[PDB]
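J.: Following this: a sequence and the matching experimental structure.
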Amino acid sequence: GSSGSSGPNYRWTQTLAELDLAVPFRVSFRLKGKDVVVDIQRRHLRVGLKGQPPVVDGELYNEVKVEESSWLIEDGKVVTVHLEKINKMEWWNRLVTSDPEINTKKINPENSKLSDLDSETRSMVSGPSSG
């Protein structure tokens, strides 16, 4: 990261061992481990929200122990992924060898509004049988 032109989309790092990925989302609820999308592959990290576009999608810089992978939802919105190197002794110069697609907009999206709204919800849905 940090080149001059264009910017990233999601935050990520590492520690000459394990990797760390984070993808914030503009939601109004606490995303659960169901409406999320995390395809931690050996040499490919695909992240995103179910139904939504995968913020991450490309061949990792190198194989990574997927079996020892993990991910969670921070602030019930941000999707964090935990990648593990196979050697755990190599510095990566890039998250993926081939970027996904878009790179979203600049860091800050837009904070030119004034918190002043109101709207909730409440209801149920049962699933009957047939035959």
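T.: Perfect, I can see it now. Numbers count the residues shown, from 1 in each chain.

J.: C-alpha from now on. contacts and neighbour counts both.
T.: Noted.

J.: Nearest residue to the middle of this structure?
T.: The centre of the chain sits closest to residue 23, judged by C-alpha atoms, centre = their mean, with a distance of 3.5 Å.

J.: quick one, helices of the protein?
T.: For the chain, helices defined by DSSP state H do not occur.

J.: So which residues of it form strands?
T.: Remark: strands assigned in the chain by DSSP state E are 11-14, 18-23, 36-41, 44-49, 70-74, 78-84.

J.: Please convert those to JSON lines, extending it with distance to residue 4.
T.: Putting the strands of the chain into JSON lines (distance: least, C-alpha to C-alpha, whole Å) gives the following:
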{"stretch": "strand 11-14", "distance to residue 4": "17"}
{"stretch": "strand 18-23", "distance to residue 4": "22"}
{"stretch": "strand 36-41", "distance to residue 4": "29"}
{"stretch": "strand 44-49", "distance to residue 4": "25"}
{"stretch": "strand 70-74", "distance to residue 4": "29"}
{"stretch": "strand 78-84", "distance to residue 4": "26"}
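
J.: Please identify which of those strands is closest to residue 98.
T.: Residue 98 lies closest to strand 44-49 among those, at 9.6 Å (C-alpha to C-alpha).

J.: got the CA coordinates for that closest one in CSV?
T.: Taking Å, rounded to 0.1, in the frame of the first residue of the first chain, the C-alpha atoms of strand 44-49 are listed here in CSV:
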residue,chain,number,x,y,z
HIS,A,44,-6.9,-16.9,-2.5
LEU,A,45,-8.8,-14.6,-0.1
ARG,A,46,-12.4,-13.9,-0.9
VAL,A,47,-14.4,-11.7,1.4
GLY,A,48,-17.7,-9.9,1.2
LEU,A,49,-21.3,-9.9,2.3
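
J.: No more questions from me, cheers.
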